[PDB]
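Following: one structure in structure tokens, then a few remarks.
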Amino acid sequence: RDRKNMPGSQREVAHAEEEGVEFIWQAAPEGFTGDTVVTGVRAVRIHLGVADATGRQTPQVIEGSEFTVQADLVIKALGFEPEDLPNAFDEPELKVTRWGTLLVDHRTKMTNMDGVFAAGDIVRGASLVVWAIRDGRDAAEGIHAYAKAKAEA
Amino acid sequence: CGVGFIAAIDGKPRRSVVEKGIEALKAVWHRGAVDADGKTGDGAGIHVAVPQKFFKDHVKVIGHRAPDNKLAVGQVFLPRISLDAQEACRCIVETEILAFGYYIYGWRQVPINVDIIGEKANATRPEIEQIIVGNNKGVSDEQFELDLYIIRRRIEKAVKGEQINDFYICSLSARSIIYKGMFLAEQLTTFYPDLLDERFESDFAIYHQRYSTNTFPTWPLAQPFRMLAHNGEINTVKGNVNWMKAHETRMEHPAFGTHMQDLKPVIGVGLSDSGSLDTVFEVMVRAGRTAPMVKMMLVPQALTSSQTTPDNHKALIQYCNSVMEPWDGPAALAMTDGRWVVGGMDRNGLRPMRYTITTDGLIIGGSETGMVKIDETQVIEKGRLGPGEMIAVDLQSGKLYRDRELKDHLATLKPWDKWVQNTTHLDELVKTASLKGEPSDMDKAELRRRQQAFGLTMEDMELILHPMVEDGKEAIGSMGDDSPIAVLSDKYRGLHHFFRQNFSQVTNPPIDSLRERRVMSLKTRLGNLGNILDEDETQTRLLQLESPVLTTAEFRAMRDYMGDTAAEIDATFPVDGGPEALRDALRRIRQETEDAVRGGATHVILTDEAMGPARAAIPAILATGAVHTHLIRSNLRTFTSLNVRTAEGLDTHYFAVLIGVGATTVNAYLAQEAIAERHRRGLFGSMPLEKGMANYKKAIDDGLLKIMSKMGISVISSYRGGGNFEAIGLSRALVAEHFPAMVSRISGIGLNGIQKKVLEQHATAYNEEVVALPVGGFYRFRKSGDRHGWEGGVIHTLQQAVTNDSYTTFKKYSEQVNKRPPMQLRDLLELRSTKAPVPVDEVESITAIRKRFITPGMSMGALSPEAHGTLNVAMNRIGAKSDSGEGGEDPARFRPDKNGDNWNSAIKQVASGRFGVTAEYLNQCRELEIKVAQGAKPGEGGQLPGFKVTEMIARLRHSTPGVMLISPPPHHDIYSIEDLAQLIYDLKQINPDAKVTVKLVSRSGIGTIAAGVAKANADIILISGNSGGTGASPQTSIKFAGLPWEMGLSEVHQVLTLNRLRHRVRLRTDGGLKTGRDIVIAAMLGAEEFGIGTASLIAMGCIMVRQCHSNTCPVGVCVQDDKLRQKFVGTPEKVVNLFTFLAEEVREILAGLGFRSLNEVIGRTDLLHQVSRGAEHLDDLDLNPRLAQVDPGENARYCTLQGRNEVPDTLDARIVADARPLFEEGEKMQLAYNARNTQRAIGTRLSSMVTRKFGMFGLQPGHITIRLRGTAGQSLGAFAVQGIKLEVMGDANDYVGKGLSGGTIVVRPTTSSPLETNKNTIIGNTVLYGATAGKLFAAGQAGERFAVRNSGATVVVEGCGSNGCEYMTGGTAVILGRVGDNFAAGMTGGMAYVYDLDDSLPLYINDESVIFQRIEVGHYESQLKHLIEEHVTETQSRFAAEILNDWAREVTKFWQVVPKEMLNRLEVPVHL
Ligand SMILES: Cc1cc2nc3c(=O)[nH]c(=O)nc-3n(C[C@H](O)[C@H](O)[C@H](O)COP(=O)(O)O)c2cc1C
Ligand code: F3S
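Protein chains in written order, with the authors' numbering: chain G, 323 to 475; chain B, 1 to 1472.
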């Protein structure tokens, strides 16, 4: 993508630039040339359309310009996704969305099943630390309320 | 005025379509003819489906049983005044329905309310009833419909048999019903309360409202019709009816059976064009074809020789054009079969048609895009209909076919490509024809003897024959026609001089031909006529020629192909036959033709080849007329063709009248012999003979196309045998007997006079020993030649009387001019009173009479600035009015000179080109004038040679120096009377103090046109004659077009008096006015003001040199030189003295007559008598049609109202009441309103106030801005000046930005619109017509004729239609999309940029006068970049924004179009 749509902050980008990194914006990988160890990365150059009426740019790969960079060691850092929790925690009744983030109510932060709660990063996605802290505090309050109400009667 | 149709796409009945139809009808009241009564309409109607449940519940209530099948309901108009007519018609209907076996359920009287109808629409109100017929035989639907149609036809015939009047049938079918009447559009649901019911649900609806030219309504004449609805007005019906009269005698189909016999006269009597077309359409549909196929067969597409359509459509169009003659004319059609619903357009695409699809499966189409209220959150696609396009909806399966999909689906039914290959051409045949067998040339003496026999002079060969073979074009003359009319002349005038041509006033637009020459065809087919209700390969097996005119070699090759089936006919009569030889010869030839056609012949060749010293030649026109009429009347014209060999054909007016009479091909061999004889003497130089013949044929075809285009006909097949001429001076008997359809309002010579003339000339040529041809005078004065109106002595004596300032000299002039033998119509009448004379000092003074004279318009392109200024100064000195004519005027002359001599002009013209029309040009006059047609060249545009355009004129007209300027024949703003009313409203809004004058040309049928324009709030009518001068015109249009004003003036007067409309308008006449007697006669005829014209030019120094087009006038009147302008001798006192003498002559004649004022004599026709030339000439001219006196009654015989006729106020009024700080403090403003389609010319009156206050360029851009939300009306922001900014959210209808004068208009869709801005039409047709400055940004596609006659404007639009940038002159235009055929045609200045993804511009552009390349200069790149950035800034578009994002790779997708004349004059050259 472009520079202004970087998902992280922008002070670290300037820091990396000052430290010696070289950046290549709006490029997509196509293949890896080598025999048994990677020797180079063949990539393309894409072009972004104007922002849509809903605020979403649709990129399209340019037909002419495709290049190759010499690479000794490449590191795939695309992203992260939740695991398959119900089929690994032995409980196939935990309600899940499509991507893997389980469903939860807004107030009590209670999972579909009784007694179990879930809040943090597995419910949001690729968030930051402070969001996790807030979710933890809210889930703590909800668990306290539920336990008090249960031992109450 | 308008058509409209609503359809449910899926095909399920519902009340929604009907209620939306009523709503759409309730909002067309602005285009109609508003009346002081408020109840009188001119016709309205709706056409819907049959509400089965309604009538079934009615029948149940009556007491019968509701049947299982569908019902049939017939609506009838019975007479109201009698009670036997009602009973007789009921009896006829009942014995005619029961003869088939169906069951009649009963009659029903429709509930009505007569509270809303006026008087004159109520005196002829018929009795409306309905008859309910049920089907008990259990037949299918198609059979039931067929028997219903047959029953309707037989009932009509039976009722007509008893001559029972006032009877009509509005529908009789099981599928649809029609509610129509003579009420206003909005009062339809009040007269017919039935439509207010809850059970009237349908799946389709058609609605129509008309705009009639007269004020006598007839109820059976209101649309929609049964299976048709028409807007526009058809040209060729006098030719199509005649061809249907020949097609009827062979058509037959097994679907009808024996009953076919009772449909033989398919086109009855008492129908309009929209009735005959409807009848033919219904007959062709009921026999097997579908509505799209019939629409293609009757109104076809324009078959062009380009690669922009698949060959399938080309083969289909070839078949359709081969089987039937088209029905040309402006036509927007909305028709419906029992299954299909079609909306279509004609060939040229003149009327507008816009449609819309909503998410409810609902399509709404009509003439305006804002009739039905619909939110943009419901739309799917907006569109339009180009030339020849159509859109269809299939209700049985519920589908929607656009243009291309319908074409592909229609070109699959039959193998058209394999069928068309049966056609055979003639160039193949003439090439296989060996170069052998050519006969030897005729002798010189024989050629001269044959030429003398027809009266051909050497001036017919050096003036009108040499330019044809030398150049490829026709001759040119530059002065009016002062020759005597044919009957009053004394030499041998050929029979082709008695036929004046036709043209079209406001009711129809003439077809320009120098630019849209691609839609005009001259195809001719022999062996064509046959059964029109068939489909097989034998229907397209014929011979095809590329032009109706044939040479000698081509004629011999075609005679080879014909051969053993053709029959030749003699066309000569013995000179010694006696007093009745010509009639006997006519009888003999018209009997032999019939006896030979019945014998198996299929080709008739009518030759005068045996003309000798004892056999005179029958005039070819009379022969072909008699033969064609007899063949039509004997049911044999459908079998053969008609080929004519003539020896008199030398001018392009001969072939026109011959093909108009009915001939198929014409061969002129004497002209070719003369060409060859002139070539062998070494007169053409070094060109071969074949090149000369090719040039001659090309010139003939171009002139034929010109003559055919004056009326509006674009195909020769529908023009042939229609008789689009008028005979002036022929006997009523001769014309009504031998010619199909022509009117002779004054009868003339019969057959004896023609025989005498022919025999006299033949004897003079063959018994008198000729040695050379006479020089002859017909275009130039010659002593041996013919007489003329302007001779030498008259001119000298007039100039002397004017320059010496003496009256007795002027009376000597009058005595000289009023003593020649009769030469015009006004020479035979005689003044005769019965009162006693009164003294000279008692009549009106010279001032009150001189203020009745004006001078007509004479452009500055023709005249010199000095003469124009002299006329303007002289006419303003005596208090009268002058005229500026076309070509604009000098702004610096807008203030009085220092001698007080004001050089301004009190009358400004709105020409067809709008060459200088701006906002200041219309606010610096007292009295306006619309020019529809000129006296000399009717149905044609003014010309200006390429060397007459100096730098001053180029700056004054905003054009290119050294370029020929030819005005467009049509107006592009006036396509029908409703557009004329719109333009008159525009003109009355832009100038709140002036009057509007309409200028017509005298001809037959002008009375109805005058009664129509008088309802459009016009207050002065001007009737010009045929003898008016001009600056440059072809000789054929000068000598053979128009009629004397004596006819038209009297016709207009009588028709206006008949309709109680004379007391609202004034009448003005001009053309050939020389003396006081002429003015008194014209005043008796009905006129009130008078124009002089050419006589003024003689008073200033012009001596009739007739070399105005050469730019070498010796005196220097019509000149643009300096050498010659220095020789001017004019002075205003000369013109003042001329007018003084002319007025005091009228005083003299009035005082001798017995009156004291011109108001005492106007209209008093009974003071005129007719005396004929004597018992030695015997012309039977009866001018009684000219002297008929229609009694006014209560009203006077002239105008009696004060000031102009004000019009209702638009939204502008409120704006003027709101933007007061702008006019008092002069501060910035910002307004917001809601627009609607019932509001015309938004922002024009404000522009007038701004112009009067600050001027055109006094305010900074964007000083006052207005924001409109909604579909606006027509003429949005017309004549807007700089400092005004209109912003519309929605769309505009038509004529948006007409005549922009520096303003700024922006049109964009709403922000909540789910529409692709580059795929939906936002503005209509004729955008930016004649604009000189400003900017216009739109976010959609435009209609047809986008940016015509642009002069200084700048426009950025996301699309275009056909004929875009036609005849543009200046400015820049950026089109980010596709274009149509004939793009940039006639472009002569400016620049264009097209954005091409399809790489298909070289297929659409007209590479004739413009060049197209790719951008190679950064200077021209900054221009485009800034223009698109401004577009993105204003309209906030998304297409243009994404183009600006990817600039580096899209800059190479643009084509730059630059005119050819602008290749030296560009300042940063386009090349490297
Ligand atoms: C030199 C010349 C130029 C003319 N220019 C125009 C013109 O620009 N527009 C127009 O409507 N008529 C034009 N006319 C025609 C006059 O307006 C008027 O119809 C004609 O002069 C009347 O003929 P008369 O002088 O014999 O009466 C022109 C006529 C002449 C002779
Ligand atoms: S005929 Fe024409 S060229 Fe001049 S002298 Fe008269 S205006």
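All C-beta atoms, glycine included, are put in the ideal place defined by N, C-alpha and C.
Annotation for residue 184 of chain B: 41 place their beta carbon closer than 6 Å to its own, counting only its chain and skipping 5 residues before and after. A distance criterion of 7 Å places the beta-carbon of residue 1113 of chain B beyond contact range of ligand 1, judged by its closest non-hydrogen atom. Any Cβ of chain B closer than 8 Å to the Cβ of residue 377 of chain G would place that residue at the interface, and such an atom is absent. By the neighbour-count criterion, in which 16 or more other beta carbons inside 10 Å mark a residue as buried, residue 1467 of chain B falls on the exposed side. In chain order, 420 place their CB closer than 6 Å to the CB of residue 318 of chain B, counting only its own chain and leaving out the 5 sequence neighbours on each side.
With respect to the 8 Å criterion, residue 635 of chain B and residue 664 of chain B are not classified as neighbours on the basis of their beta carbons.
Under the three-state reduction of DSSP, residue 428 of chain G is assigned to coil, being neither helix nor strand.
Residue-level contact check: residue 518 of chain B does not touch chain G, since none of the beta carbons of chain G fall below 8 Å from its beta carbon.
In the pairwise beta carbon analysis, the stretch 1446–1459 of chain B is classified as touching the stretch 1396–1413 of chain B: at least three pairs are separated by under 8 Å. At a C-beta separation below 8 Å, residue 369 of chain G has these neighbours in chain B: 1446.
Within chain B, no residue has its CB atom less than 7 Å from the CB of residue 418 of chain G, the nearest being about 34 Å off. In this structure, residue 1384 of chain B keeps its C-beta atom at 8 Å or more from the C-beta atom of residue 1415 of chain B. Closest by C-alpha distance to residue 1067 of chain B, out of B/1336, B/340 and B/1007, is B/1007.
Residue 1440 of chain B is outside the set of residues whose beta carbon lies under 8 Å from a beta carbon in chain G.
A heavy atom of ligand 1 is found nearer than 7 Å to the CB of residue 1094 of chain B. For residue 1104 of chain B, the shortest separation between its Cβ and any heavy atom of ligand 2 lies below 7 Å. With respect to the 8 Å criterion, residue 104 of chain B and residue 133 of chain B are classified as neighbours on the basis of their beta carbons. In the three-state scheme derived from DSSP, where H, G and I count as helix and E and B as strand, residue 461 of chain B is classed as helix. Setting aside the 5 residues that flank it on each side, residue 379 of chain G is surrounded in the same chain by 370, 371 and 373, each with a C-beta closer than 7 Å to its C-beta; the list follows chain order. Placement of the Cβ of residue 479 of chain B at a distance of less than 7 Å from at least one heavy atom of ligand 2 is found. Taking all protein chains in view, the Cβ of residue 332 of chain G is surrounded by fewer than 16 other Cβ atoms within 10 Å, so the residue is classified as exposed. Secondary structure at residue 52 of chain B: helix, using DSSP grouped into helix, strand and coil.
Rounded to the nearest whole angstrom, the C-alpha separation of residue 1206 of chain B and residue 992 of chain B is 9 Å.
Relative to residue 474 of chain B, the option among B/703, B/620 and B/526 whose CA is nearest is B/703. Listed in chain order, the alpha helix (DSSP H) elements of length 4 or more contained wholly in the stretch 408–445 of chain B are 416–420 and 427–432.
Beta-bridge analysis with DSSP links residue 1267 of chain B to B/1232 and B/1287.
For residue 202 of chain B, the three-state secondary structure derived from DSSP is strand. Spanning the alpha carbons of residue 1470 of chain B and residue 1463 of chain B requires a straight line of approximately 8 Å. Taking C-alpha positions only, residue 935 of chain B is separated from residue 1033 of chain B by approximately 11 Å. In terms of beta-carbon proximity, residue 372 of chain G lines the interface with chain B, with at least one pair separated by less than 8 Å.
Of the residues assessed, residue 585 of chain B falls on the buried side of the cut-off, its CB having 16 or more other CB atoms within 10 angstroms.
DSSP lists B/128 and B/168 as the bridge partner or partners of residue 77 of chain B. By the Cβ test, the stretch 1325–1341 of chain B is in contact with the stretch 1298–1315 of chain B, since at least three Cβ pairs between them sit closer than 8 Å. Contact between residue 1330 of chain B and residue 1344 of chain B is absent: CB atoms are separated by about 16 Å, not below the 8 Å threshold. For the 8 Å CB-CB criterion, residue 495 of chain B and residue 330 of chain B do not form a contact.
In the DSSP annotation of this structure, residue 1405 of chain B is not part of any alpha helix (DSSP H), being labelled neither H nor E.
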